[PDB]
Every structure is written in C-alpha cells, then in structure tokens.
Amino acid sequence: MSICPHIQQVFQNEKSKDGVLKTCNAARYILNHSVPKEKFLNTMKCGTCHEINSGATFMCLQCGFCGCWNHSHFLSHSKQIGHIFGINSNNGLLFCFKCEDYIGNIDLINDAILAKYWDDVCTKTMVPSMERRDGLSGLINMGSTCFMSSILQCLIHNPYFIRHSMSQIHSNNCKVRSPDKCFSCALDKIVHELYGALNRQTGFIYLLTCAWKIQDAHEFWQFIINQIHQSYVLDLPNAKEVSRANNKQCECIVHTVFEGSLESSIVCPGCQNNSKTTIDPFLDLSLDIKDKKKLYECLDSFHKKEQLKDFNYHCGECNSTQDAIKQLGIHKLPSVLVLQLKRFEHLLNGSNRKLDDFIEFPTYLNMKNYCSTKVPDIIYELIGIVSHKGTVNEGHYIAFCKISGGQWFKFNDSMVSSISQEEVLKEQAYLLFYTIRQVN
C-alpha cells in the first residue's frame, strides 16, 4: 500500500505541513458547526456550476473554492490552478486529485487535531494492535456468570461507553482509584484489557470482586448501570451536587445516554380525572411477547389503551364504576434505547416458565408511533442482542454485538465467533440494544 506522494512532498516543507493541518482542522470544524442551510450553500455548492450536492463537493485546501465531483469541477480546478487537494464536505476526508483517491492512511492527517503535539504522540503512543483494535475478546464463565458477561460485552461495544471510558473521564475523577472496590474502575480495566494492553480476564475478575462486597441479565443491566451512577455521585464535589444528581437531573453517562421517561396516562372515561397519571424514568422498556411475532406488535401492545380492572373501583371524582383507561407513551427517548422482551413468566404457583416465541426485530427501528402527546421519524440502529438459551432453571446467556463497519459477533463465554446480520436476526432476543441514528 502506497501513501500519496504529493502530500509527502508538501510535508517535506515545515510551513506547508503546518498550513495543511490548520486548514484541515478548520474545514472539519466548519463542517461540524454550520447550520444545514449555510452548509448546503457554502460548503456543498459548486463554485463552477453552482449546483448543490453535484455529488460530493470538495473544499479546496489552498483557497476558498468548493468544487463538485459529478461534473469534474474540482478536478478542473486542480488542473487549471494547481490545487490538487480538497476536503469532502460530507465527511471531512482529504482527496488528492492526482492520485484520484482519498488520503486515508496518514495518522497525522486523521489525527490532525493533535498536530501541535505530534512528536510526543508519535513516540509515546502507538496504534492499536491488529488483535485489539475492535476490543473483541471472550470472557470465561466463572461459575454461572454469562448473565454478567453477556451484558458486559454489549457495554464495552457500546459507542457511548467506549468513548466515555477511553476519554478517561472516570479515571480522572475517581476517589476510590481501586478496581477491587470501584465498579467503574473495574469496567475501565476491562476496556484497557480488550482495547490496549494491561487471559484478558482481569477486569472481569475485579468486577466479580467488586460484587463480593455487594440469575437474570436484565437484573444485572440495572445493577451495573445503577453502580456507574453511584460512582459518579460518589465522585461529586459537595452535598448540593449529590442531592441534585439524585433528585433532579444527573449528567452521568448512564443518565445522559440510557434514560428516557414514560407517561403513564390513567384516565376515567366518564369524567377524565387523570391524577393517577405519572411520568417515570426508565432505563429500558419491558415488552410482553405472548402470542405475538414481531417487535412492532409488542410495541403497539405496550402503547395501546387498556381497561384497568380494579375491584369495586369507583372514580373519586364522578363515581363511575367504568374501568379507567391506561395508556403508556414515550415522553422522552434516550440515546440508546434498550428493550427487554419478557421471557420469564413468574406464575401464581411459584413456577416460572420461559416463553420461546420468536419475535422478529428490525435492524432499523422507528419509534415515532410510540411517542406521546404528528411525530417525525425517529430511527435507531440495532447494535446489541443478548439471548437466553435453555431452561428457566438451567440456562445460559449469549451476546451478539455490531461493531464499526457493520460486522456482527457472537460472544459465547471464551468463544468469540463471526456471524452475519442475517443469522443474528434469527435469534430469540432477550435484550435488544438500539442506538439513535436519525431524528427528522
């Protein structure tokens, strides 16, 4: 594989290199900070033909001109004026019009926000190793622990959590600074183990050690997210803050990513009193699946009006014995929406059974018909699945995760194995992890 030699040439000059990187960072900054209209008109408009989006539009590296792809207008600019590099305004990527290719494989250009520190970053950090670059790695079952490791896999392949952990924000603020005592510190060792270099079971052991000081994967998901929150709270500076996060609004990773809220509407038909109506935080939604076949059917069923049967009920206000009518609706959507399919039916006789119904779930899920009051398309992308294999009593949990570039992996204890979208979609899903992808 070749590196572009035109840009290598330019980089032999020390001013020019510096100029290219300032321009690359500014272009990229501008693209992240231009309201859609200004972007269309000032970075997506060809200076030669004046069309918007004539294929990709490229912002010249050496002058203010923007030129399109479809009519070879940036190309003409490069030939007529000698400017052979432009930045694609949809994605910040640098194109060489002599190579007729993107310059993709030069870490400094990719990491151009660190230009001013580059010699240090070069000599003191390294690129990921081929084997760790996607953090793929299994966790050995250590005595009925797939209920924990399944969720952990989904957590360490969650983009929000990986960015959080690798940004060192917990590491920088933690008052415990022990992975034997602090769950968030244990999670960081896991990430450290899987993505850098610290078998690859130490963070997990430490996690189990954090748990010694005090079954269902859904329970563990709630347990672990709650403990990330507690760690955040434990790190706060004073009592006003501890109180604020606990009672008003928490800005922790868990509460700015996974939490939404439901409107529980309860309304009497005769007179409309709705004072049993509430708005409640959720960190996931539990869906019934008896006799249904598709995830959208379970969501309709979650969101539909039902009559509350309540022995000898009379509405406080109007005295009607008519069943009050309840309806759940999403009031606030979270960035990562986690759905639980209720498979473990705990019955009146004490005897659980497991529901094995296959429920069809989409790779792209649209939540618009489940939000409360015309609501616009709100689309999430599937990135995580936890499945339960076997009996209520004797059973085991598997995780499936989607990583960058759309490739899917099955995590079955120590075994990690490749798998296709098409076969993952045939799974008996227990938990589903969806990440916010488009809001219209």
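Throughout, we count residues from 1 along the sequence that is shown.
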**Complete:** Deposited residues missing from the model between residue 214 and residue 215 number 4 to 9
**Request:** Indicate whether the chain is continuous between residue 198 and residue 199 or, if not, how many deposited residues are absent from the coordinates: none, 1 to 3, 4 to 9, or 10 or more.
**Result:** 10 or more
**Stretch exceeding the other in mean C-alpha B-factor - 85 to 93, 273 to 281** = 273 to 281
**Request:** Tell me which of 294 to 302 and 177 to 185 has the higher mean C-alpha B-factor in the deposited entry.
**Result:** 177 to 185
**Message:** Among the choices 153, 165, 321, 110, identify the one whose CA B-factor in the record is greatest.
**Reply:** 321
**Prompt:** Which of these, 158, 76, 227, 209, has its C-alpha atom at the highest B-factor, as the entry lists it?
**Reply:** 209
**Prompt:** Which third, lowest, middle or highest, does the CA B-factor of residue 128 fall in along this chain?
**Reply:** middle
**Asked** C-alpha B factor of residue 352, ranked within the chain: lowest, middle or highest third?
**Response** highest
**Complete:** Here the Cα B-factor of residue 419, set against its chain, lands in the third termed middle
**Fill in**
Among the modelled residues of its chain, the C-alpha B-factor of residue 360 falls in the third labelled middle
**Request:** Can you work out whether the C-alpha temperature factor of residue 59 puts it in the lowest, middle or highest third of the chain?
**Result:** lowest
